[PDB]
Amino acid sequence: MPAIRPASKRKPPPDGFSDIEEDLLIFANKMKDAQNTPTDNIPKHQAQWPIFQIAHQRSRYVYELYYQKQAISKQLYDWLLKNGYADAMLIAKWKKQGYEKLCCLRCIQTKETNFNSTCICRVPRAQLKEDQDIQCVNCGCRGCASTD
RNA sequence: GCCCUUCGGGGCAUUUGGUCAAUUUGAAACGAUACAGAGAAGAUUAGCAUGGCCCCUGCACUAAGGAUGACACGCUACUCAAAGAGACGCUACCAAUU
Ligand SMILES: [Zn+2]
Ligand SMILES: [Zn+2]
Ligand SMILES: [Zn+2]
């Protein structure tokens, strides 16, 4: 379970976890530092942006470690997705076509916008104004479209 | 970026949003202090209401309480006369002790 077991109850992870544990702990400590970041000098949605950034990065590490540069077994990959080292739904969207670089699921959630739209970060920057710096309110993405 | 191609081309995906993170000048309120100071025609007071540009506590916007919760207590011509009886009214002002 992803609930914390005592120690004697703890089952070992699969093989290769000793090989990837250092990068996984790098992402975990990055996430704790994002928890401890100050919020006085920035706005509030901007305070929540780094969690989405680090979650995307951790899931991308797992995703391209399994699919692109094959370095982990399928047992280990399924274990990582089950135990919370990567976002299975974000990885599913990365497998979809036209969503190969999606920042977050909240940015394609169309039931939650005013006019049932995706966010502006999903729009190909070829159709936007020049020097129109987008940083979306949801995660601060500057451009996710696969063409971008 | 990926995919397809008859290598000319075509496809997949499509417009977020919370006035800034900044406290003097776009609106918080007690308490302390100062002061005064509790209804019903003598004195003392159980209350229940009434009306709303007065509200408070309460789930009660179909209880109850808040001094009977308070407020009430100033002010005061205006649909408006008639009868009969008066008026040096409406003008003048005036000549003997012995
Ligand atoms: Zn996003
Ligand atoms: Zn976005
Ligand atoms: Zn994005």
# chains A, B, ... in the order shown; residues from 1 in each chain; ligands from 1
>>> residues_near_ligand(ligand="ligand 3", cutoff="12 Å", atoms="only C-alpha atoms (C1' of nucleotides) and all ligand atoms", output="PDB file with C-alpha atoms (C1' of nucleotides), in the first residue's frame")
ATOM      1  CA  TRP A  49       2.840  26.410  -9.503  1.00  0.00           C
ATOM      2  CA  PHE A  52       2.728  20.992 -10.614  1.00  0.00           C
ATOM      3  CA  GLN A  53       6.124  21.618 -12.204  1.00  0.00           C
ATOM      4  CA  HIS A  56       5.370  16.827 -14.184  1.00  0.00           C
ATOM      5  CA  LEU A  90      -0.596  12.431 -16.919  1.00  0.00           C
ATOM      6  CA  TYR A  99      -0.905  15.715 -25.741  1.00  0.00           C
ATOM      7  CA  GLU A 100       2.714  14.600 -25.807  1.00  0.00           C
ATOM      8  CA  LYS A 101       3.865  17.552 -23.678  1.00  0.00           C
ATOM      9  CA  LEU A 102       0.804  18.354 -21.467  1.00  0.00           C
ATOM     10  CA  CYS A 103       1.711  20.250 -18.275  1.00  0.00           C
ATOM     11  CA  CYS A 104      -1.239  19.049 -16.203  1.00  0.00           C
ATOM     12  CA  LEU A 105      -4.720  17.427 -16.362  1.00  0.00           C
ATOM     13  CA  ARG A 106      -6.304  20.570 -14.922  1.00  0.00           C
ATOM     14  CA  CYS A 107      -5.215  22.402 -18.068  1.00  0.00           C
ATOM     15  CA  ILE A 108      -7.192  20.096 -20.382  1.00  0.00           C
ATOM     16  CA  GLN A 109     -10.089  19.887 -17.943  1.00  0.00           C
ATOM     17  CA  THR A 118      -8.859  24.338 -22.452  1.00  0.00           C
ATOM     18  CA  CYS A 119      -6.298  26.790 -21.174  1.00  0.00           C
ATOM     19  CA  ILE A 120      -4.389  29.198 -23.420  1.00  0.00           C
ATOM     20  CA  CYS A 121      -1.212  27.187 -22.758  1.00  0.00           C
ATOM     21  CA  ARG A 122      -2.508  24.387 -24.999  1.00  0.00           C
ATOM     22  CA  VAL A 123      -2.831  26.788 -27.991  1.00  0.00           C
ATOM     23  CA  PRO A 124      -0.039  26.553 -30.604  1.00  0.00           C
ATOM     24  CA  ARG A 125       2.082  29.707 -30.080  1.00  0.00           C
ATOM     25  CA  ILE A 134       1.555  33.382 -21.398  1.00  0.00           C
ATOM     26  CA  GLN A 135       2.057  31.816 -17.937  1.00  0.00           C
ATOM     27  CA  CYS A 136      -1.287  30.017 -17.204  1.00  0.00           C
ATOM     28  CA  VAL A 137      -2.998  30.509 -13.809  1.00  0.00           C
ATOM     29  CA  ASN A 138      -3.252  26.753 -13.244  1.00  0.00           C
ATOM     30  CA  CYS A 139       0.419  25.780 -13.365  1.00  0.00           C
ATOM     31  CA  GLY A 140       2.404  28.605 -14.974  1.00  0.00           C
ATOM     32  CA  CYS A 141       2.993  26.736 -18.237  1.00  0.00           C
ATOM     33  CA  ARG A 142       4.384  28.907 -21.021  1.00  0.00           C
ATOM     34  CA  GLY A 143       3.339  26.558 -23.879  1.00  0.00           C
ATOM     35  CA  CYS A 144       2.387  22.870 -23.871  1.00  0.00           C
ATOM     36  CA  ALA A 145       1.169  22.283 -27.411  1.00  0.00           C
ATOM     37  CA  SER A 146       3.052  19.412 -29.015  1.00  0.00           C
ATOM     38  CA  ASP A 148       5.544  24.103 -29.337  1.00  0.00           C
TER      39      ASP A 148
ATOM     40  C1'   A B  13      -4.139  18.913 -30.177  1.00  0.00           C
ATOM     41  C1'   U B  14      -7.078  24.995 -29.756  1.00  0.00           C
ATOM     42  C1'   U B  16      -6.647  30.207 -18.971  1.00  0.00           C
TER      43        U B  16
END
>>> residues_around(residues="range 3-8 of chain B", least_positions_apart="5", cutoff="12 Å", atoms="only C-alpha atoms (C1' of nucleotides)", output="list in words")
residues 96, 97 and 98 of chain A
>>> write_last_selection(atoms="C-alpha atoms", output="CSV table (one decimal), in the first residue's frame")
chain,number,residue,atom,x,y,z
A,96,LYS,CA,-2.1,10.2,-26.4
A,97,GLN,CA,-1.4,12.1,-29.6
A,98,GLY,CA,-1.6,15.9,-29.5
>>> interface_residues(of="chain B", to="chain A", cutoff="8 Å", atoms="only C-alpha atoms (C1' of nucleotides)", output="ChimeraX atom specification")
/B:1-2,12-17,20-21
>>> residues_around(residues="range 55-71 of chain B", least_positions_apart="2", cutoff="8 Å", atoms="only C-alpha atoms (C1' of nucleotides)", output="PyMOL selection string")
chain B and resi 38-39+47-48
>>> select_by_dssp(residues="chain A", states="helix (DSSP H, G or I)", output="number ranges by chain")
A: 17-35, 44-66, 74-83, 88-95, 105-107, 110-112, 120-122, 125-127
>>> atom_distance(atom1="CA of residue 25 in chain A", atom2="CA of residue 8 in chain A")
22.3 Å
>>> residues_around(residues="residue 29 in chain A", least_positions_apart="6", cutoff="12 Å", atoms="only C-alpha atoms (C1' of nucleotides)", output="VMD selection string")
chain A and resid 22 to 23 35 to 36 51 54 58
